[PDB]
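# Descriptive analysis of the structure
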Amino acid sequence: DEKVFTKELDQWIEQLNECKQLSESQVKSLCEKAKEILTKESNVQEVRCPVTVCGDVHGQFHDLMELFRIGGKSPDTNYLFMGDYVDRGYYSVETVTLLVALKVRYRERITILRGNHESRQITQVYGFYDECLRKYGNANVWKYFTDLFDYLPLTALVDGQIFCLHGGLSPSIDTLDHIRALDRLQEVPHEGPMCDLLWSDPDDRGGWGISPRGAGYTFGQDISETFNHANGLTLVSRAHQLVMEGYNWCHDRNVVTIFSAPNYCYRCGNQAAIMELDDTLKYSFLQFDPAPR
Amino acid sequence: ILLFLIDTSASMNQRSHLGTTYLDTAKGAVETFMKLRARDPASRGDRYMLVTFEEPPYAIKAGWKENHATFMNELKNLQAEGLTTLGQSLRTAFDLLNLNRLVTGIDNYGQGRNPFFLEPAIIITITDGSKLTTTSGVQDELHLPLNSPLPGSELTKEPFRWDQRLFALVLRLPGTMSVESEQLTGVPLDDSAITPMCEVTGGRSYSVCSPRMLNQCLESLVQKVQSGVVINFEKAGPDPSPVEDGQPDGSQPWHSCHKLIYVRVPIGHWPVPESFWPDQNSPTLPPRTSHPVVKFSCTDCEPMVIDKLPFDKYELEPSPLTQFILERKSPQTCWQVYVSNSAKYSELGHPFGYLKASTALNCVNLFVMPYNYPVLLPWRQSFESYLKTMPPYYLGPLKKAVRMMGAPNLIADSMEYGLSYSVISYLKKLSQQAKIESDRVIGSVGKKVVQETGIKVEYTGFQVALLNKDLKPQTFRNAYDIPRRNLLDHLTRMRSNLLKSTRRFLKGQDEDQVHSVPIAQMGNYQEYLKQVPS
Ligand SMILES: [Mn+2]
Ligand SMILES: [Mn+2]
């Protein structure tokens, strides 16, 4: 029962690693298993070092394979993805399918969080719904993926000091106890603590301010320092903005933006980076470029 | 032109019910006001300025010759720390708005008072509720200080000008729930020390209590920006002689509303000259008033005035039109108007216009007439004797209209005063120098203040250093910036960096990027031999 299912999972992973999507029943069973697995996880997933945290993938299977070739194989080293792997990409279903397969196969070796694109109103206006309608014919795989995205955890706590999350800080949130007491099994609204946790952006503002995106606020350096001092944290990892070097430090080395999607939208032509944290909490920024196709 | 006055005082650090301080709410309100004003296709000529509660060298953040980028950058990094010096800040803002007035020709004080030379400006003065301090205690009078008057400012005796409105926002947001949402369409007043100062200029003072009320007041404020022609009306002296369709009994007497002088610069003639009798020899000129004390009298007096006189359409903003609407908007009839305070040699007021309404009965057209129209309109040596009742300098503009017909006058008697021309160019030069000195040191702060001032309680000269925010320690260049913990690893890193002999070496350990990372800015410094012809 368990060995045959494990072998089926390995076969599914090997098939996905060759630009080959699964069938309707296989994706349905994978989404069901991921739903039963992610139910036990809390809003703040306690991740233990050593790890290799990544950023946005935005549905880029070739860039994901390049990342795996750069930052070690998936079963070998740990991975921490911070959302944005479903929209703005030609191969978007394959990336999320491989990620959820690795999650259901290596639940203790890989962690994935929820981003602003993991919803039902964003995937319909960025091409993911169109890709699911074109590839699988019907619109059931998209429904399964959007129903599964509600079970993804919000943030992650690495070594009790690093606080990884897609969007960023929130004005209605002052401690991690408020984040742990949130109902993540809900569609991302236009306002609230979860919307700010998934739509925030750092800047040199100071205090707060409305974001130009349309949702979430914009905090400054003093707010980041207050959040890091009132929760025992030493760093806040995020992946929501487009950078060039791959990693960007802000607020006196308090916020780290890690964009791991090389050649964003195939028009910028930038690099990407991941942060490998060793056992002694030593960080190394591994950079890479888009692999040639 | 819009000059936003955000105090950024220490009293603006209290948190609202939403979770953000009053300063963050004020900045968000300013940003939404920007995005609301951008909807109207008229925001391509205005200029935004910023004024905070800081020292005179540090109060102004963005003034003249400052684009929107630096203004937004300065408003972004606003810090709320300091006392509530409202009077000094208002004085500094009014002096900043009156820097380029004595040089272009606006308010020349010698040739009438031209209303078509406008320089609109709206102040928001977003401050706290009450309890303003002046480093000694808490005052309750709000008196503007007079310590260093600008050269050429004693001719107005008031800080504000002909077109300078003052709106106010107090941001009285509760801290628990702000559940006060009974009256939907109702914006009350703040009832504070800034309320009389705002009402004197001509703008009300909103009382923000809820975010919905804030949005309502911001959407109501965007509809109150136009050409600034503010004149004051008085009921004296007719004892409410409105016996046309009913009996009079009122509050629509001291109307100090504005007038929309829309252009077709503005085009117009026949200005309100002055309020005094100008003499031929006068070294000292009496100070003018920002709001002209002009009074109207309810008399029919042949309201039909048809001639080749150049036409004016200075539209009046409806604020006290209830008294006119009570009399059916006075159809086919008007009432004269006259300026007080010795408009002539020996008389009390001279009718120089009327307030006839339009055919549509929508608003008041404010028909401005010459100094004395009912005589020159209807030569047998008559004009030579008639031109003695009008002020001398007033022969300037009217002669231009005579240019449409002929030219019987000359420059023989075109002289205002031999002493008024003197001591005027020097004042203009001093004002220009002051404006240049103010616009020069506008963004260069150069604080350089970091010391602890160690008191006795190397002697009498020691001062401990303070924590520098933007220090940027050079780890590879300076050896003192390397702490003890990561010393050996950093030593090996510096050794490998020096022994690598790479290209374009630097002294920074890890300088990722700045706060902003633009895509086009990085893509411009590249070369792509492709055009996508297919
Ligand atoms: Mn994204
Ligand atoms: Mn995102």
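Residues numbered from 1 in each chain as written, not as in the entry; some residues may be left out. Chains lettered and ligands numbered in written order. Part of a larger assembly, values for the part shown. Heavy atoms only, no water. Residues with missing side-chain atoms left out of burial classes, pairs and counts.

### What about the overall build of chain B?
- Tallying secondary structure elements over chain B gives 13 helices and 13 strands in all.
- Scaling as 2.2 N^0.38, a compact globule of 534 residues should have a C-alpha radius of gyration of about 24 Å, whereas chain B reaches 30 Å, well beyond that.
- Its C-alpha atoms give chain B principal-axis dimensions of about 105 × 80 × 60 Å. (Helix = DSSP H or I, 4+ residues; strand = E, 2+ residues; numbered from the N terminus. Rg over C-alpha atoms; globule rule 2.2 N^0.38 Å.)

### Details of the overall build of chain A
- Within chain A, the secondary structure is distributed over nine helices and 13 strands.
- In terms of C-alpha radius of gyration, chain A reaches 18 Å, essentially the compact-globule figure of 19 Å for 293 residues.
- In chain A, which comprises 293 residues, the share counted as buried stands at 59%.
- Looking at chain A alone, contacts between residues at least 24 apart form 69% of all its contacts between residues at least 6 apart. (Buried < 20%, exposed > 50% of the residue type's maximum accessible area, 1.4 Å probe, protein only. Contact = heavy atoms within 4.5 Å.)

### Considerations on the sheet that holds strand 5 (residues 155-158) of chain A
Residues and elements named next belong to chain A.
- The six strands lie next to each other as 1-5-6-9-11-10, forming an open sheet whose pairing is mixed. Every interior strand has two partners, whereas the edge strands, strand 1 (44-47) and strand 10 (247-250), have only one. With strand direction ignored, the average angle separating the axes of adjacent strands in the sheet is 20 degrees.
- Relative to strand 9 (residues 235-238), strand 6 (residues 162-165) runs parallel, the two being bridged by three bridges. The residue bridging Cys 164 from the neighbouring strand is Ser 237, located in strand 9. (Pairing = 2+ DSSP bridges. Axes fitted to C-alpha atoms, helices over the stretch in contact; angles between N-to-C directions.)

### A short note on the UniProt feature "domain: VWFA" in chain B
- Under the UniProt annotation, the feature "domain: VWFA" is placed at residues 1-225 of chain B.
- Annotated as residues 1-225 of chain B, this span is 27% helix and 8% strand, and its ends, taken at the C-alpha atoms, are 10 Å apart. (UniProt positions renumbered as here; feature names shortened; annotations may be inferred.)

### A look at the UniProt feature "binding site: Fe(3+)" in chain A
Residue and element names in this part refer to chain A.
- Mapped onto the present numbering, the UniProt feature "binding site: Fe(3+)" falls at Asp 84, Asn 116, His 166 and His 240. A compact arrangement is adopted by the annotated residues: their sequence extent is 157 residues, whereas the largest C-alpha distance between any two is 8.7 Å.
- Structurally, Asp 84 is set in the loop between strand 3 (79-81) and helix 4 (93-105).
- Apart from the residues lying within four places of it in its own chain, the contact partners of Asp 84 are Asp 56, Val 57, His 58, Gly 115, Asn 116, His 117, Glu 118, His 166 and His 240.
- Here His 166 shows up in the loop between strand 6 and helix 7 (176-180).
- Non-local contacts of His 166, meaning those with residues more than four positions away in its chain, are made with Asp 56, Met 82, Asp 84, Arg 114, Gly 115, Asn 116, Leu 197, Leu 198, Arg 238, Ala 239 and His 240.

### With respect to the packing of aromatic side chains
- Taking 6.4 Å as the distance between ring centres and 45 degrees as the angle between the ring planes, the aromatic pair formed by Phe4(B) and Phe71(B) counts as tilted. One end of the pair, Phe4(B), is in strand 1 (residues 2-5); the other, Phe71(B), is in helix 3 (residues 68-76), with 67 residues separating them in the sequence.
- Considering the side-chain rings of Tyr354(B) and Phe367(B), the 5.8 Å spacing of their centres and the 35 degrees angle between planes classify their relative orientation as tilted. Placement of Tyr354(B) in strand 13 (residues 350-354) and of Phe367(B) in the loop between strand 13 and helix 8 (373-376) is noted, with a sequence separation of 13 residues between them.
- Three or more aromatic residues link up through ring pairs in this structure, and these residues are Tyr247(A), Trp249(A), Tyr283(A) and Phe285(A).
- The ring of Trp249(A) is capped by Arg253(A), whose NZ or CZ atom sits 5.1 Å from the centre of that ring. (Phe/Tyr/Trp six-rings, centres within 6.5 Å; stacked < 30°, edge-to-face > 60°. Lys NZ or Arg CZ within 6 Å of the ring centre and 35° of its normal.)

### What to know about the pattern of salt bridges
- The shortest N-O distance in the salt bridge between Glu41(A) and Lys103(A) comes to 2.8 Å. With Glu41(A) in the loop between helix 2 (24-38) and strand 1 and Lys103(A) in helix 4, this pair connects stretches of sequence that are 62 residues apart.
- Between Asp203(A) and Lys76(B) there is a salt bridge, with its nearest N and O atoms 3.1 Å apart. In this pair, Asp203(A) sits in the loop between strand 7 (201-202) and strand 8 (218-219) while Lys76(B) sits in helix 3, so the two residues belong to two different chains.
- Taken together, the shared-partner salt bridges in this structure form one network comprising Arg114(A), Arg120(A), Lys143(A), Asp147(A), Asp150(A) and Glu187(A). (Salt bridge = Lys/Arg side-chain N within 4 Å of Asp/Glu carboxyl O.)

### Here's the deal with the pairing of strand 12 (residues 272-277) of chain A
Residues and elements named next belong to chain A.
- The sheet contact formed by strand 2 (residues 51-53) and strand 12 spans three bridges and is antiparallel. In the sheet register, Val 53 faces strand 12, and the bridge partner there is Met 275.
- In this structure, strand 12 lies alongside strand 13 (residues 283-288), joined through six bridges in antiparallel fashion. Pairing of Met 275 across the sheet is with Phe 285, part of strand 13.

### Thoughts on the interface of chain B and chain A
- Residue-level contacts link 20 residues of chain B with 17 residues of chain A.
- Looking at the side of chain B that touches chain A, the elements that each hand over two or more residues are helix 1 (22-37) and helix 13 (519-524) of chain B.
- When residues in the side of chain B that touches chain A are grouped by element, the largest group, four residues, is from helix 1 of chain B.
- Looking at the side of chain B that touches chain A, its residues break down into six nonpolar, six polar and eight charged. (Nonpolar A, V, L, I, M, F, W, Y, C, P; charged D, E, K, R; others polar.)

### Some remarks on the pairing of strand 1 of chain B
Residues and elements named next belong to chain B.
- In the sheet, strand 1 pairs with strand 2 (residues 48-51) via four bridges, with the strands oriented parallel. In the sheet register, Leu 5 faces strand 2, and the bridge partner there is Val 51.
- Crossover strand 1 to strand 2 through helix 1 is right-handed.
- Looking at chain direction, strand 1 and strand 4 (residues 122-123) are connected through two bridges and run parallel. Opposite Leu 2, over in strand 4, you have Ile 122 as the bridge partner. (Right-handed = clockwise from strand over helix to strand, strands pointing away.)

### Details of the sheet that holds strand 2 of chain B
Residues and elements named next belong to chain B.
- The strand order across the open sheet formed by five strands is 3-2-1-4-5, and the pairing between neighbours is mixed. Looking at which strands have only one partner, the edges of the open sheet turn out to be strand 3 (60-62) and strand 5 (165-166).
- Here helix 4 (residues 86-97) sits on the sheet and contacts strand 1, strand 2, strand 3, strand 4 and strand 5; the angle it forms with strand 1, its principal contact strand, is near 165 degrees.

### With respect to the side chain of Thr123(A)
Residues and elements named next belong to chain A.
- Within the secondary structure layout, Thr 123 lies in the loop between strand 4 (110-112) and helix 5 (128-135).
- Here the side chain of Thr 123 touches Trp 142 through a polar contact of 2.8 Å, side chain to side chain.
- Each residue touching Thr 123, except ones within four places of it in the same chain, is listed here: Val 86, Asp 87, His 117, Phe 128, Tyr 129, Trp 142 and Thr 146. (Polar contact = N/O pair within 3.5 Å; in protein donor to acceptor, adjacent residues only side chain to side chain.)

### Quick notes on the packing of helix 4 of chain A against helix 6 (residues 140-149) of chain A
Residues and elements named next belong to chain A.
- Following both chains from N to C, one finds helix 4 and helix 6 inclined at 50 degrees, their axes separated by 12 Å at the closest point. The angle between helix 4 and helix 6 places the two elements in the oblique class. In this structure, helix 4 crosses over helix 6, and the sense of that crossing is left-handed. In this structure, helix 4 contributes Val 93, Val 96, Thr 97 and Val 100 to the contact, and helix 6 contributes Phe 145, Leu 148 and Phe 149.
- Broken down by class, the residue content of the contact of helix 4 with helix 6 amounts to six nonpolar, one polar and no charged. (Parallel < 35°, antiparallel > 145°, perpendicular 65-115°, else oblique. Left-handed = near helix turned anticlockwise from the far one by under 90°.)

### Side note on the UniProt feature "binding site: Zn(2+)" in chain A
Residue and element names in this part refer to chain A.
- The UniProt record marks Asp 56, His 58 and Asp 84 with the feature "binding site: Zn(2+)", using the residue numbering of this structure. Taking the farthest pair of C-alpha atoms as the criterion, the annotated set spanning 29 residues converges on one region, since that pair is 5.7 Å apart.
- Locating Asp 56 in the fold gives a position in the loop between strand 2 and helix 3 (61-70).
- If near-sequence neighbours (up to four positions away) are discounted, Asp 56 is found in contact with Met 82, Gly 83, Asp 84, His 166, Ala 239, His 240, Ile 258, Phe 259, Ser 260 and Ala 261.

### Focus: the packing of helix 1 of chain B against helix 3 of chain B
Residues and elements named next belong to chain B.
- The interhelical angle for the contact between helix 1 and helix 3, taken along N-to-C directions, is 155 degrees, at an axis separation of 11 Å. By the angle class used here, helix 1 and helix 3 are roughly antiparallel. For the pair helix 1 and helix 3, the crossing hand works out as left-handed. On helix 3, the residues that touch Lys 27, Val 30 and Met 34 of helix 1 are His 68, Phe 71, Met 72, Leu 75 and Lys 76.
- Among the residues forming the contact of helix 1 with helix 3, the class breakdown is five nonpolar, one polar and two charged.

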